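Chemist: The structure is given below, and queries will be raised subsequently.
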Amino acid sequence: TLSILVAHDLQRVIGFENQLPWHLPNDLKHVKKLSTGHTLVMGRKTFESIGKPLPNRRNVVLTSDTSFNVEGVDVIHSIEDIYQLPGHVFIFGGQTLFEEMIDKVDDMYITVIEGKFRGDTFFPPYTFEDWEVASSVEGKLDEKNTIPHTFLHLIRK
Ligand SMILES: NC(=O)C1=CN2[C@@H]3O[C@H](COP(=O)(O)OP(=O)(O)OC[C@H]4O[C@@H](n5cnc6c(N)ncnc65)[C@H](OP(=O)(O)O)[C@@H]4O)[C@@H](O)[C@H]3O[C@@H]2CC1
Ligand SMILES: CCc1nc(N)nc(N)c1C#CCc1cc(OC)cc(-c2ccc(C(=O)O)cc2)c1
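What follows is the structure in structure tokens.
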């Protein structure tokens, strides 16, 4: 399976100045649950924003840099390489990769952050006319998760 995995706000912001604009531990756990034991594919800038590979899953970075080498990271150099990756593969970021892959993926796991943040990085527009809602689960608010958020699993019609 090829899936998108993304958290975006009400205006599809996903990033600002190399950071996630919000602090939502529930969503980090969501990502850990979905992608542990599987594969994340991300563009070079997203990887550098993170700074290191995420544990207990395959980390694949897409770059044109033939010198790029990071222990624990597998490098690919073309979009076509993604399709040769075995198992459940999650397109993880950023804006550029999402723009390249949104018309190709089977389904999307979206965390909708119910706020309006300043951003410089955006998920591409999509329409629910093209996507069936397999599930929609509101995240719980608490001490450490203080912005409303909803977990969507959308499947291409
Ligand atoms: N929540 C997120 O996903 C976040 C992502 N990070 C943001 O991405 C922000 C905007 O840059 P963006 O172009 O969207 O970055 P991504 O696609 O990760 O990475 C772009 C890089 O992937 C590579 N490029 C993507 N498509 C291809 C491709 N088709 N072939 C070869 N390389 C790929 C290429 O790397 P390279 O310059 O080292 O060659 C390209 O410049 C950038 O400012 C990063 O900060 C945010 C923090 C939040
Ligand atoms: C974790 C945020 C996130 N949520 C969902 N649902 N989908 C995604 N694709 C991303 C993402 C991403 C890229 C990214 C950028 C970044 O720049 C600072 C940081 C992270 C990040 C931060 C914390 C953790 C963690 O503690 O588990 C993991 C990734 C992750």
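In the UniProt record's numbering, the protein residues as written are 2 to 158.
Where is the CB? At the ideal position from N, CA and C, for every residue including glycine.
#1: Just to confirm, are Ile111 and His9 a CB contact at a threshold of 8 Å?
#2: Helix, strand or coil: how does DSSP classify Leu153 here?
#3: Buried or exposed for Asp107, going by 16 or more other Cβ atoms inside 10 Å?
#4: With distances taken Cα to Cα, identify the nearest neighbour of residue 1 among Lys145, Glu18, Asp75 and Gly88.
#5: So the candidates are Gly95, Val134 and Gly140; which of them puts its Cα closest to the Cα of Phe17?
#6: Output the boundary residues of the beta strand (DSSP E) element that contains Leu6.
#7: Using the DSSP secondary-structure output, state which residues sit across from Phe91 in a beta bridge.
#8: Does ligand 2 have even one heavy atom less than 7 Å from the beta-carbon of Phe93?
#9: Based on DSSP bridge pairs, tell me the residues matched to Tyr127.
Modeler: Put simply:
#1: yes
#2: strand
#3: exposed
#4: The displayed coordinates of the chain run from 2 to 158. Any statement about residue 1 would go beyond what the structure contains.
#5: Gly95
#6: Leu3 to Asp10
#7: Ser4 and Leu41
#8: yes
#9: Looking at the DSSP assignment, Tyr127 forms no beta bridge with any residue, so it has no partner.
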